[PDB]
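J.: Fold the following.
(chains A, B and C)
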Amino acid sequence: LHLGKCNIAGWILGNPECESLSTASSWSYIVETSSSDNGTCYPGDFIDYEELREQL
Amino acid sequence: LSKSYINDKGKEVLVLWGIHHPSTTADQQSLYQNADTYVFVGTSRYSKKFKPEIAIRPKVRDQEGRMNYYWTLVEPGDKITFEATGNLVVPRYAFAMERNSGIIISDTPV
Amino acid sequence: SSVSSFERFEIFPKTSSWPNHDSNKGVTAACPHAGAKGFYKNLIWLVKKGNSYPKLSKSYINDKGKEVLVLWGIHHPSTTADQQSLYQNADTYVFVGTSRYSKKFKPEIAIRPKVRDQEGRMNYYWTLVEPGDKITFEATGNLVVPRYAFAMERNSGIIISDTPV
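T.: Residues are numbered from 1 along each chain as shown, chains lettered A, B, ... in the order given. Below, you will see the structure:
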């Protein structure tokens, strides 16, 4: 699964700038980018965020 | 609010929600009309208590508020339970998953 | 443990920072300066000045090219009579907010066991300030405001020994 310019938090929450995306039915790893700034468009404290990146 | 969902699948169901933290007390009543709010998320394994704090945060991306995002797993046969009187971000879609890997930050094509 | 760019600077000067809050009556017998009553050097124990307590609202913009370390404390008084005699506020709450973290502090008033002739507690917290980030303090009581900040920049641990230098 490749998310492009968006990170995991832009995909698991439904960020509107990551609309052009075709999520497959199965994957093995998630790819982020170095310029992954279009994730959480609203700020906040993502509690237990590091464990969610390994579960999915 | 009082919602629930019975796991009718043979795999785990991932549920993501959010806890809204408004900036000022005038923004709390203008969006929810409730001062003392509390959010409850309860499963067969975990029962958490959420309490949003209303305070002035530094301006990040032209937003003086915060929103804490939480998550939990739902076992096959377990029924999730949501009960809140304000500042709850209800989910729209769920991620049914089943596993037995991490993250990669790169710019390589696919 | 490993700081190569340390600079002990004063984040809030004691002259004209809190003119409505007393910074001298908040002393204790467990922390003696030279035998008399005193309190911490890098911390300021704000207490009730008069018969009330004004709301605190301080900030600091990171004008340096390195991280700024800020230490504060959350006072936990023993009895409810000691709460009103030092702060005159029952429902108190302390907020510390940065660009990365926003924490909620709530002091508990209960009878603790007597340790060093003190029936109270004081929880100390800390956070980092990024270059360009502005810290935010907002409390109505039981806040230990900082006096000095530790500007640091790193890329080590602790040693307990009695060897000379």
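J.: Kindly export stretch A:41-54 (C-alpha atoms) in PDB.
T.: Taking Å, rounded to 0.1, in the frame of the first residue of the first chain, the C-alpha atoms of stretch A:41-54 are listed here in PDB:
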ATOM      1  CA  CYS A  41      -4.800  18.800   9.000                       C
ATOM      2  CA  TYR A  42      -6.300  19.500  12.400                       C
ATOM      3  CA  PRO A  43      -3.600  19.400  15.200                       C
ATOM      4  CA  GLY A  44      -3.900  17.100  18.200                       C
ATOM      5  CA  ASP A  45      -2.200  14.600  20.500                       C
ATOM      6  CA  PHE A  46      -2.500  11.200  18.800                       C
ATOM      7  CA  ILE A  47      -2.300   8.900  21.900                       C
ATOM      8  CA  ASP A  48      -1.100   5.300  21.200                       C
ATOM      9  CA  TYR A  49      -0.200   6.300  17.600                       C
ATOM     10  CA  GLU A  50       3.000   4.300  17.400                       C
ATOM     11  CA  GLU A  51       1.200   1.000  18.100                       C
ATOM     12  CA  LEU A  52      -1.500   1.700  15.400                       C
ATOM     13  CA  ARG A  53       1.300   2.100  12.800                       C
ATOM     14  CA  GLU A  54       2.400  -1.500  13.400                       C
END
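J.: mind checking how far it is from the chain centre?
T.: 10 Å (CA atoms, centre = their mean, to the nearest Å).
J.: Next: stretch B:39-59.
T.: Computed by CA atoms, centre = their mean, the chain-centroid distance of stretch B:39-59 equals 8 Å.
J.: And stretch A:11-26, by the same measure?
T.: 8 Å.
J.: Run a quick neighbour tally on residue 11.
T.: In the absence of a named chain, this looks at chain A. 19 (other CB atoms under 10 Å in any protein chain shown). Heads up, the C-betas are built off the backbone N, CA and C, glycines and all.
J.: The intended chain is chain B.
T.: Neighbours around residue B:11, by other CB under 10 Å: 13.
J.: Was I right to think it contacts residue B:95?
T.: No: in this structure, residue B:11 is not within contact of residue B:95 by CB atoms under 8 Å, at 10.3 Å.
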